[PDB]
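Take a look at the structure below.
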Amino acid sequence: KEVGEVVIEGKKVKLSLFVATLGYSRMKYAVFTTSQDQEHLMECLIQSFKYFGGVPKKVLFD
DNA sequence: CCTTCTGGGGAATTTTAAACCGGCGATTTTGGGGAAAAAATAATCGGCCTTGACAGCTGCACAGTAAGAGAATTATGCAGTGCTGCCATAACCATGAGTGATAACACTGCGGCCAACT
């Protein structure tokens, strides 16, 4: 979710929100980031998997 | 005391009712042909009901990978030059065969001359 552009600490950055929703329990993990690079995507997925205490058997992206 | 009447039983015969089987007369059913009607299917027509769009417009940003465009560098194929050797061709003479030429008549093409119209 591209939140928009904000002046954080006098620096203009493009804030983005990463959301991971479980399908059966409808849990929700989220985290804010300054970039949408493959590295950031993979790290946010690691954070989601740690938060849910495991990895799913299927993950749906766009 | 005796005679006659009657009744029962076994055998023979007759009639009528019932059931089967066959024969005869009638209707039904199957097949084919021709006509008529119904229904099914497809196409075409009119019209009602409902809603999308028209409201400035869409170009840019990011993500990743791949392609490509331009310039520099490298590899390679062509070309150029010299020296030596071998093969091709060409030059001459003879003989045979093909075609270009020559004579004659007939038909046609081109240039010179005459006349008619504007």
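Here, A, B, ... name the chains of the structure tokens in the order displayed, residue numbers run from 1 inside each chain, and ligands are numbered from 1 in the same displayed order.
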Among range 4-47 of chain A, which residues carry a DSSP assignment of helix (DSSP H, G or I), reported as a PDB file with C-alpha atoms, in the first residue's frame?
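File selection.pdb, as written:
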```
ATOM      1  CA  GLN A  38      12.772  -7.534  -3.583  1.00  0.00           C
ATOM      2  CA  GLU A  39      15.060  -7.442  -0.549  1.00  0.00           C
ATOM      3  CA  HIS A  40      12.486  -5.501   1.468  1.00  0.00           C
ATOM      4  CA  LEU A  41       9.731  -7.828   0.268  1.00  0.00           C
ATOM      5  CA  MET A  42      11.649 -10.925   1.349  1.00  0.00           C
ATOM      6  CA  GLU A  43      12.545  -9.385   4.713  1.00  0.00           C
ATOM      7  CA  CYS A  44       8.919  -8.456   5.366  1.00  0.00           C
ATOM      8  CA  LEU A  45       7.937 -12.019   4.494  1.00  0.00           C
ATOM      9  CA  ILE A  46      10.495 -13.262   7.033  1.00  0.00           C
ATOM     10  CA  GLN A  47       8.979 -10.940   9.623  1.00  0.00           C
TER      11      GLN A  47
END
```
### Message
Quick check: residues of chain A within 10 Å of chain B, only C-alpha atoms (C1' of nucleotides), returned as a PyMOL selection string.
### Response
chain A and resi 35-38
### Task
Write out as an MDAnalysis selection string each polymer residue whose atoms come within 10 Å of range 21-30 of chain A, counting only C-alpha atoms (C1' of nucleotides); drop sequence neighbours fewer than 6 positions from it.
chainID A and resid 44:45 47:49 51:52 56 58:60
### Task
Would you mind reading off the distance between CA of residue 31 in chain A and CA of residue 3 in chain A, one decimal, in Å?
11.8 Å
### Query
DSSP says strand (DSSP E or B) for which residues of chain A? Put them as a ChimeraX atom specification?
/A:2-8,11-21,28-33
Residues from the last selection, N, CA and C atoms, saved as a compact mmCIF listing (two decimals), in the first residue's frame:
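File produced: out-v1.txt:
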```
# COMPACT_ATOMS: atom_id res chain seq x y z
N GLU A 2 0.91 1.97 -1.11
CA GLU A 2 1.73 3.17 -1.20
C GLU A 2 1.11 4.30 -0.39
N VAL A 3 1.55 4.47 0.86
CA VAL A 3 0.92 5.47 1.72
C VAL A 3 1.06 6.86 1.12
N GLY A 4 2.25 7.19 0.65
CA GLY A 4 2.51 8.48 0.04
C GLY A 4 3.89 8.97 0.43
N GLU A 5 4.10 10.27 0.23
CA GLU A 5 5.37 10.92 0.52
C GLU A 5 5.24 11.75 1.79
N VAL A 6 6.15 11.53 2.73
CA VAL A 6 6.15 12.24 4.00
C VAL A 6 7.54 12.77 4.28
N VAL A 7 7.61 13.86 5.04
CA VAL A 7 8.87 14.44 5.49
C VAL A 7 9.15 13.86 6.86
N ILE A 8 9.85 12.73 6.90
CA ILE A 8 10.28 12.11 8.15
C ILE A 8 11.68 12.61 8.47
N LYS A 11 13.40 14.56 5.84
CA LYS A 11 13.77 13.80 4.65
C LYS A 11 12.51 13.27 3.99
N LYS A 12 12.36 13.56 2.70
CA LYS A 12 11.20 13.09 1.95
C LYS A 12 11.42 11.66 1.49
N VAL A 13 10.57 10.76 1.98
CA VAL A 13 10.64 9.34 1.64
C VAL A 13 9.25 8.89 1.23
N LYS A 14 9.22 7.83 0.42
CA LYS A 14 7.97 7.26 -0.07
C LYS A 14 7.59 6.11 0.84
N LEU A 15 6.65 6.35 1.75
CA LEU A 15 6.27 5.35 2.73
C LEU A 15 5.36 4.30 2.10
N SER A 16 5.62 3.04 2.41
CA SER A 16 4.82 1.93 1.92
C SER A 16 4.47 1.02 3.09
N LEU A 17 3.30 0.41 3.00
CA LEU A 17 2.80 -0.49 4.03
C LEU A 17 2.72 -1.89 3.45
N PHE A 18 3.36 -2.84 4.12
CA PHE A 18 3.32 -4.25 3.75
C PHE A 18 2.34 -4.95 4.67
N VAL A 19 1.38 -5.67 4.09
CA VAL A 19 0.34 -6.36 4.83
C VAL A 19 0.35 -7.83 4.46
N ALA A 20 0.31 -8.68 5.49
CA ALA A 20 0.26 -10.13 5.35
C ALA A 20 -0.94 -10.63 6.15
N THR A 21 -1.91 -11.21 5.45
CA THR A 21 -3.15 -11.68 6.05
C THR A 21 -3.23 -13.20 5.93
N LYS A 28 -3.47 -10.63 10.94
CA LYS A 28 -2.94 -9.51 10.17
C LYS A 28 -1.60 -9.10 10.76
N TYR A 29 -0.54 -9.18 9.96
CA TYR A 29 0.73 -8.57 10.27
C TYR A 29 0.98 -7.45 9.28
N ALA A 30 1.59 -6.36 9.75
CA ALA A 30 1.87 -5.23 8.89
C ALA A 30 3.19 -4.61 9.30
N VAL A 31 3.79 -3.86 8.38
CA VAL A 31 5.03 -3.16 8.67
C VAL A 31 5.24 -2.07 7.63
N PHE A 32 5.79 -0.95 8.08
CA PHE A 32 6.07 0.17 7.20
C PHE A 32 7.52 0.11 6.71
N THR A 33 7.73 0.61 5.49
CA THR A 33 9.03 0.56 4.86
C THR A 33 9.18 1.75 3.93
```
